[PDB]
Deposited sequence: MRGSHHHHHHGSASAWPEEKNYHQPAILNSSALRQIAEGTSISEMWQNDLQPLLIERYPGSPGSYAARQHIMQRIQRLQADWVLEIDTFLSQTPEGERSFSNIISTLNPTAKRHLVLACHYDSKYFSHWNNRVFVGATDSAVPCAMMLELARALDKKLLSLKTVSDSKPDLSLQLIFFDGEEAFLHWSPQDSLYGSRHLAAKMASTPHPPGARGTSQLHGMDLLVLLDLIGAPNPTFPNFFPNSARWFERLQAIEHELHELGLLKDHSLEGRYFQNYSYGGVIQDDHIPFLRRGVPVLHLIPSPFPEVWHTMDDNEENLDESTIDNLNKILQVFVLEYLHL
């Protein structure tokens, strides 16, 4: 069976003008700010009070949606620099037994830092905002998504991952990093899918991994990293332009735009690595450069850009709708 190949040929359903208008009007940046983003701007390294609440906040937010979301906690112990630690990835699937899933993901953990001048690192852009935008997407699209509960469709739904312990504890290295991802990846790699199949694993299931990281500084530039996924990048470029055209953005210029058609110099380590090395198509939505306030106490809410997150919300939402033909 050649269904793992279905993703290679899969095409989008290009929304038309008024559709795009209606998506734009559908997402409230401020609803998100207050309810999605704000609660997560807390110290939330693994095992911390913040961790448990962060995790509880996310499931609270999803559980309140009507689309038949299936939540699931990948909790595991692993050795670390600071000694043994419990990690818990949050997965959220619509239609889990569907062969194919588009997958959005980020990291809910934050990096550890000593309380330099009674200040606390909350990792705004890194990646509380990614988390919020995902949860906003989940909301903004509830009605539309609820239809994926019902002959004439590809066997494809949506999945959200929120990886834990992405961040390094001490020195970033193969073994002090990507704790959450490394584990789930290996688990998926060996979990048969669909249940009772020969050969094909849950990783065959991931049509595409869309990984949001370090998002919320103004004027981010995303490079196109992956050739094997460069066509979806192009859709993102198109959608950005389209909405700009219809004037459905706020404070945006084509000269100062987000998705640039250039490649990237080095190779960026993130949650996608364990997936990508197993031949998942990845779409790495991480800005190059990173925000100024990267791994600083300045990575705070004072320093996010309201308009930038909102615009991206609009872009990412259209992308996903088109990807799912909704």
Residues of the deposited chain that carry no C-alpha coordinates are 1 to 13, 164 to 165
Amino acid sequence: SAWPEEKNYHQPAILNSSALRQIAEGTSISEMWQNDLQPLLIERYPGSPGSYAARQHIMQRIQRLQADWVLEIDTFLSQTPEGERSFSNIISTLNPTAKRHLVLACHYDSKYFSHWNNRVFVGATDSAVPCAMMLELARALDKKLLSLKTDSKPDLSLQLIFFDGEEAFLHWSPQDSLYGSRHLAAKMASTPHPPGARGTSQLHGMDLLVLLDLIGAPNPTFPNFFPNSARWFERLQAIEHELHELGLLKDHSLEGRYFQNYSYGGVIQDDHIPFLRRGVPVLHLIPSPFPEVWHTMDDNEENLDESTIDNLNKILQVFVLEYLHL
From here on, numbers count along this sequence of modelled residues.
Assert higher mean C-alpha B factor (45 to 53 or 268 to 276, deposited values) equals 45 to 53
Assert higher mean C-alpha B factor (207 to 215 or 126 to 134, deposited values) equals 126 to 134
Among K187, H101, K111, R231, highest Cα B-factor in the entry goes to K111
From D164, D176, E242, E82, the top C-alpha temperature factor is at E242
Chain-relative C-alpha B factor for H107 (record values, thirds): the lowest
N117: CA temperature factor from the record, placed by chain third, in the highest
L148: C-alpha B-factor third of its chain, per the entry, is the highest
Of the three thirds of the chain ranked by Cα temperature factor, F226 occupies the middle
Of the three thirds of the chain ranked by Cα temperature factor, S253 occupies the highest
